[PDB]
Structures are given as structure tokens and as C-alpha cells.
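Two forms of the same protein chain are encoded below as C-alpha cells; each is given separately, as structure 1 and structure 2.
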Structure 1
């Protein structure tokens, strides 16, 4: 499925857009899941009580509310089943899933895993996700890449090292495991390949003509590029500020849409863009030119003072918008000092030494 989401500073407008996008796509024969968070506006705008299980509200249109409490207790039962299997003496079987308290980070991990399950079921063409629309959403969506980076470092250290041997053989720990007792990369790589594919994950900016909102979504735009999230376009919603925003979002299409009054969704529905086509035509977050030995990063919303580069062996780290892209350099670039990092037309062009 395509995971479709929206970024912007005003939650009510984002929810209306998500609802309208879901209605439009379901009306065209796409199988749609609209998923929101634990908050009362989506139910109220739909005039429907929502639950942690998808409910059909129209042909091809199901709606679900992610309640982290419920997702946590559902995952906890999977933890118990694994515990019985892999342990001779249970330890956490006592704890009921209804007791567990949601910690920061769990919220995003549980929501992303739920989305992954819905995506993997094959039941949907589009999963419209009405999230927080902000940097927390980006950190969620970036989990496949972020976890992959950690896994690759753990492997380098706690194993794939003498330490990996001083425990792999340790006659001290071996009996301790014998008592009471990768697939990971295929799992993460699937998430990574989806996130990078605009046919599988795309987001759209939502903003009024207020310059404060405009600068906020341009910052989110650049931050999204750091994680490889395609930004397909801009939805411009109404306010007391008038303005043509096309020049502020070149080369993206800006689509001006009307409000929703008294539950008449049709004018908004009719004004929405073709999300799939615009995502497919949007700029690419990263390209690598192996002949000229250059990395080209699309980084709208930032200038050179706001972007930091770090280069440690075969890895380059790009930090911008409080996000970090780790670039593992290919053979044409590895081992060569960076000789330039200059912005041209919202792209940062990183050059590597030829001589």
C-alpha cells in the first residue's frame, strides 16, 4: 500500500485533509484505511465512534484509531508467547497487558508496527495516516533506517569483534544460557525500501499563507528529505492571510482547497490533487553521481549555516533540521576528502577529491 500522510502546524486542517483524501480515494475504488491517533476530532468530523479495530464507514473506506494502550497490551501477549517458548521459567507472564504504561517512543513504534501489519496484509491500496504532522512523525517514519544504523553498529562491536568471541566461547556465560533457555535486516530493509519509494510512502505539506506556517512547513520539508520521505506537494488552506505560495515551494505544486462546512465534504474532495502523480514527480531526496564523485541532497528550507557535515572513514553524516542522514559512501567516493559542499537551487552538492 501507499502510506499517505500530511505535515503542518494545525491539526484540525490536517485531519480534514486526511478524511477528504481517504473519501476521494475510496470513491475511486481504492481500498483505503484511514488511521488516526487517540484524539477526539477525527471521530467527531466523521460523526462516528472509532475503535482500535478498523470499521467500515463507506465502501472501500475503513477507519481505525491507534490507542497506544491497546497496541501495547496486544504486543505484550506476543511477548508472553515468546517468553514461554524461549524460556524454561517464565518471568513476566504475571504482568497483565492492561497494566503497562506507555513510554515515549513506544507510541511511535507501536503505531508504525500497526501500519506495517496493515500494509503487509495486502488488504489496502492506500493507508492514510493522520499523525502529528511534525518532527515526531518524521522520527517515526525514519525508524527502519534508524534501527538499521544501530543494528549495524551493535554488530560491529558486541559481536564481529574479539568481544564477540570472548562471549561466543566463554564457558562462563554458555552454561548460563544453556540454563533457563539476519532476519532483522530483511525486516528493516523492507521498511527502508518502502520509505524511499514515493509509490509506497509520501507526505504532503499543509499550510496557510501565514509566513510563520510557511517557514514551518519548509523546515519540515527539508527535515523530511533527510529521512528520505518524498514530499509530493503542498495543500494551501484558508486563513485571514492571502498570498500566492507557488514561489515559496518551487518546484512543488501548491493546491488551494476550500474549507469543510456542516459536513459537506464534496468541495474539498473535488479540489484535492492527484497525490500519486505529484509524489512520483517530486524531487528525489538523494542522488549519487559516481562519475563526478558527488552526492546531491535535496534540502529545501536550509542554508549552509544550518547543515553540518561529518566524515568518518567510509561514512558521511549530514545534520540538518535536527535529523541526521548517514551516507555509506560507495567505491567511487569512499576514502576521498570532501572538497566542497555548496547549495545550488535548494540542492546541497557534496564534492569529493579526485586527486
Structure 2
């Protein structure tokens, strides 16, 4: 399915857009799952009590609320049942008492999304997340984990000759990496008011998202006390202005939403590898040139920007070949 999410500084507006987007897509015949985190606004706006299990609220529209506590407890039931395939040690430890640590919360939620996607029951999964750098870190897990494996397995394996999962693991992560890089499978839209402070924040998130390979398909401009045409601030992306939702009337907002799928398909690609011209082009808007560092300390080239690091896995064509050069150009970092 398509995992669709929103980045922006204000949670209330993003939850409203997620709800409207789900209502819109459902009414168009798409099978939709709307998923939110542990917070009261989604339930209240929907006038429906939510649970850790999907609930039908309209035709083609189901809604669920992720609770880290419950996802952890359900995964625990799987680890102790596996305690068979390998005397038990963790049987006096009950799922109800497990404590969610930072990081676990994002891994649990991404895995729940993965399960819903894998189920094939939905065309679109609208994720009402935190809409910030933390959502980006979560979405980039496949890539990040793949890199830790790729860089460290060698060091441990080829060092301790004193003492297959790799395929099973790399395959699992690659399938997540593949999906994430495909705009038909994962896309996010920026949400902001005309406040210069919100505009600079989402431009920064836009760039940070390109660093993890997340396509940003467009910008949704919501109302505020500051007026302004944001088009030139987000070129070449479409900025779609939308109205508020008051007193349960979702029609104006629903009718103003953009065509998510089309805009994601037309947006810039986070990364393009040009075999013929032997180069890699990284879309990096929303940063200051001096805020992008390119270095090669390990096997791969590291691109640092937006407090995110990208270790470029080069294909056979570019493999080993020295970096003849690199430069910026209309928000793209071109490396030769």
C-alpha cells in the first residue's frame, strides 16, 4: 500500500489533514487504514473511541491507535513462544510489565505499519505521526539498520576467527529500503502556515527527509494570522492552500486537498544514480551550503546534512571509482 504522512510543527493541523486525507481517499474507493499514536485529538475529532485494533468508521475507512505498550506486549508473546525453538529463561517476565524504551517506540510502530502493509488489506495507510525529525528517524530504519549490518558484520566476522541470517536480515531491510524509495509506496507532505518560522522549519525537514530517501510530494498551507503566497518558497513543489475544519464540517478541507499520488510521482527524487554520467544526484533543499558535509572516511561516501547521515551504497558501475568531484546546483548536490 501507500504509506502517507505529514511533517509540520503543529500537531492539530496535521491530524486534521490526515483525517481529511483518509476520508477523501476512502470516498474515492481506496481501502484506507488511518493510524495515530497515543494522544486524544484523533479520537475526539473522529468522535470515536479508538483502540489498538482497526475499527471500521465509514466504508473503506478503518482507524487504529498505536500504543507502544500494547505493541511491545504483543511482540513479547512472540519472543517467549520462540523460547521453545531455543530450558526457558524469560517466563516469569510478563508482557504487561515491559517498559518501552526510547527507540523501541519507533521500531514497534514501524513494524506495526509493516504488518498492515504486508496484509494487503489496504490501498493507503495514513499515518498521523509526530511529523518531525523523529518520524524521519523511524522511517529511515531500514536504511540505517542495513548500514550498521553492512559496515560492522565485516569487522566482527573478519576479526574474530577465534570463534543464513545475513541474507534473511539483509533481505528484510532491503524490502523496506525499496518501498521507502518508491513514491507510490511511501510519501509525506509538508504542512505549514505562512509564518516565516514554520516555513524555514518545514524546508529544513524537507531536506532532512531527502537524506533518508523519503519523497516529499507537496506542501499543504493552513491558516494563520500571517498572510502570504508560499509558492516560491517551495519550488518546484505544489503548495495547496486549505481551509480549517470547524464544527464537524470536513467538506471544505476534503475538497481542497491535493492529488497526493500524482504530486508524489511528480516531485523531485531524493537520490538518482546516473550510470552513464557516472554520478549521483542528491536533492538537498532547505539547507545552507556550508551545512552539508561530504567526506569519505570509510568504504562509502558519507553525506551529512539535516543532522542525518547518508552512507552512499554505490552500484557496480560506480563501485570503487574515485570521486572525481562534487558540487551544488539548484538544490541538488551532484557528485562525480
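Numbering follows the first chain given and starts at 1. Take the two forms, find the largest set of C-alpha atoms that superpose within 1.5 Å, and that set is the rigid core.
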Can you tell which residue in 292, 48, 69, 55 has its CA shifted by 2 Å or more between the two structures when the core is superposed? 292
So that I can tell if residue 339 moves, could you say whether its C-alpha shifts by at least 2 Å between the two structures after the core superposition? yes
Answer yes if the CA of residue 313 moves 2 Å or more between the two structures after aligning the rigid core, and no otherwise. yes
After a rigid core superposition, would you say the CA of residue 26 moves by 2 angstroms or more between the two structures, or not? no
Mind pulling the C-alpha shift for residue 158 between the two structures, with the rigid core superposed, in Å? 1.9
After superposing on the core, C-alpha shift for residue 138 between the two structures in angstrom: 0.2
